[PDB]
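Where a number appears in this text, it was derived from the coordinates with a stated rule and is not lab data. Virtual Cβ from ideal backbone geometry, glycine too; neighbours counted across all protein chains shown.
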Amino acid sequence: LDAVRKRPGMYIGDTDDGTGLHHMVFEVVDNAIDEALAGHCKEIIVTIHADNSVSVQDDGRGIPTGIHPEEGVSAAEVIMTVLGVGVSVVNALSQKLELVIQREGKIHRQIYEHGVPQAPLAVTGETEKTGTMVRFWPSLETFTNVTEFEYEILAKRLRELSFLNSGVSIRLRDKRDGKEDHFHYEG
Amino acid sequence: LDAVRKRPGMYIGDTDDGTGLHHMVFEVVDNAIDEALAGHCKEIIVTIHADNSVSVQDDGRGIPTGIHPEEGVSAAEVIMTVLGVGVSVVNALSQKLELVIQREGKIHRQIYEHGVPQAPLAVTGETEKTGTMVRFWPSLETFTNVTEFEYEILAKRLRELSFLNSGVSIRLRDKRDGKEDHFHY
Ligand SMILES: NC(=O)c1ccccc1O
Ligand SMILES: NC(=O)c1ccccc1O
Ligand SMILES: Nc1nc2ccccc2[nH]1
């Protein structure tokens, strides 16, 4: 991840005009949609929290959690810490990031700061759902000037995306004012 | 450098009881001593600054600044960022690290935060002098509970080092209260 840290703008775009910041959400959403697309009920929920973090939930199969035999850490950690630009870029540029994976009846949780995992991916409970959820807090050491998410920027893009991804339900929620949208196209 | 940030304890020592924290200084000092050994004068100065940073100055040749043919960045940057434990460890665990090299008539300067270079090593001026200086501010995300440098802990170790490195003068200064020592065998 140090390559990204060294030159953030080569990976995420302009980190001062808001464009980079919103790219962060779109990269996460891209991964989520690819997760949702590989199930029948396909749903993703994009939430803008009051603390200016964003979470993206998918009801997919759940990112793989097994230990990667070469890297010696969970496959999820590898995905979040190695290398659309990849989710590891979002992680590298987040002051915090919380990963929650439901798979094989288990809840898996990990936390990152600035791309550095605070502990190994841990089974912390049980569940009968499946899916991956990523919530991130953009690094204010990187993103300057425009540091808060614009509901409308997200809405427009999610709506455009809905017509390309048939059968995928996409919900957008803004916890700062209670605004909500649901984009779900026919097919 | 992510393997150090992932388990800093394994590289530097205990990060909650003051062990790791002082060890950051000792690693830097080892590098400085190596440098002072290969020049004339042979002196290092260790300074505790009032803002809980430490600086370690040598009067050595200056560490090399030329571009590293494999890594493609200055050799000094290679030293500060690619994995005694290595000064890269110190750099990785410091919220800020300032590097100043006086080499071949020129002053070179670089700033890191959490081991990330803010810019490439750059020529900033001319000088007569030779030497390397690193000043580092230990990360308060890593180092907890014991977060202020203890004078006498540094003093104890430097004294031992003075006997082992016979020709080297080691000065220790505390800017918080003016305390000072001079260890020279
Ligand atoms: N946020 C997600 O749901 C996600 C899903 C799969 C891979 C990476 C991700 O960030
Ligand atoms: N601080 C020094 O005088 C030093 C000298 C050589 C290499 C790394 C260093 O930290
Ligand atoms: N605050 C902060 N910024 C960082 C950048 C890279 C790794 C760790 C860091 N902690």
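Return the residue satisfying two criteria in turn: it lies in the range B:159-171 and is touching a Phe, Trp or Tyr at 6+ places or on another chain (Cβ under 7 Å) and under 18 Å from B:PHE149 (Cα atoms), and of such residues it is surrounded by the fewest Cβ atoms within 10 Å (Cβ to Cβ). Steps first, please.
Going through the range B:159-171, the residues touching a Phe, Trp or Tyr at 6+ places or on another chain (Cβ under 7 Å) turn out to be B:159, B:162-163, B:166, B:170.
Adding the requirement that they be under 18 Å from B:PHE149 (Cα atoms) leaves B:159, B:170.
Details: B:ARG159: 14, B:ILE170: 26.
So the residue we want is B:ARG159.
For the condition more than 24 Å from A:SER169 (Cβ to Cβ) and hydrophobic (A, V, I, L, M, F, W, C), what is the one hit in A:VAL78, A:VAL90? Walk me through it before giving the result.
Numbers: A:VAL90 fails: more than 24 Å from A:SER169 (Cβ to Cβ).
Criteria check complete, one pass: A:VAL78.
Having 2 or more residues that are surrounded by 15 or more Cβ atoms within 10 Å (Cβ to Cβ) and away from chain A (no Cβ under 14 Å) is the bar; report the helices (runs of 4 or more DSSP H) wholly within the range B:1-72 that clear it. Break it down stepwise before answering.
Working: elements: B:2-6, B:8-12, B:19-37.
Fully inside the range B:1-72 and qualifying: B:19-37.
Can you give me the number of residues within the range A:124-138 that are crowded, with 17+ Cβ neighbours inside 10 Å and either within 20 Å of A:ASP34 (Cβ to Cβ) or within 11 Å of another protein chain (Cβ to nearest Cβ) (or both)?
Within the range A:124-138, residues that are crowded, with 17+ Cβ neighbours inside 10 Å and either within 20 Å of A:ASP34 (Cβ to Cβ) or within 11 Å of another protein chain (Cβ to nearest Cβ) (or both) number 7.
Residues in the range A:97-114: is at least one outside any loop (DSSP other than H, G, I, E, B), farther than 21 Å from A:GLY13 by Cβ and in contact with a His (Cβ under 6 Å, 6 or more places away or on another chain)?
Yes; the residues of the range A:97-114 include at least one that is outside any loop (DSSP other than H, G, I, E, B), farther than 21 Å from A:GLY13 by Cβ and in contact with a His (Cβ under 6 Å, 6 or more places away or on another chain).
I'd like the full set of residues that are more than 17 Å from A:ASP51 (Cα to Cα) and either among the aromatic types (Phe, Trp, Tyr) or within 14 Å of chain B (Cβ to nearest Cβ) (or both), limited to the range A:143-181.
The answer is A:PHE163, and nothing else.
Give the residue that is farthest from ligand 1 (Cβ to nearest atom), with candidates limited to residues of the range B:119-159 that are in a loop (DSSP other than H, G, I, E, B) and of a type in the set (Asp, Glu). Explain how you work it out, then say what you get.
Of the residues in the range B:119-159, the ones in a loop (DSSP other than H, G, I, E, B) are B:119-121, B:127-130, B:139-150.
From the residues that got through so far, the ones that are of a type in the set (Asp, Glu) too are B:128, B:141, B:148, B:150.
Values: B:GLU128: 55, B:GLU141: 24, B:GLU148: 40, B:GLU150: 44 Å.
By that ranking, first place goes to B:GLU128.
For the range B:97-123, which positions are away from chain A (no Cβ under 14 Å), on the phi < 0 side of the Ramachandran plot and of a type in the set (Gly, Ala, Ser)? Spell out the reasoning first.
Step one: filter the range B:97-123 for residues away from chain A (no Cβ under 14 Å), giving B:97-109, B:122-123.
Cutting the leftovers down to on the phi < 0 side of the Ramachandran plot gives us B:97-103, B:106-109, B:122-123.
Answer for the range B:97-123, where residues must be away from chain A (no Cβ under 14 Å), on the phi < 0 side of the Ramachandran plot and of a type in the set (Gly, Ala, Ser): just B:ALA122.
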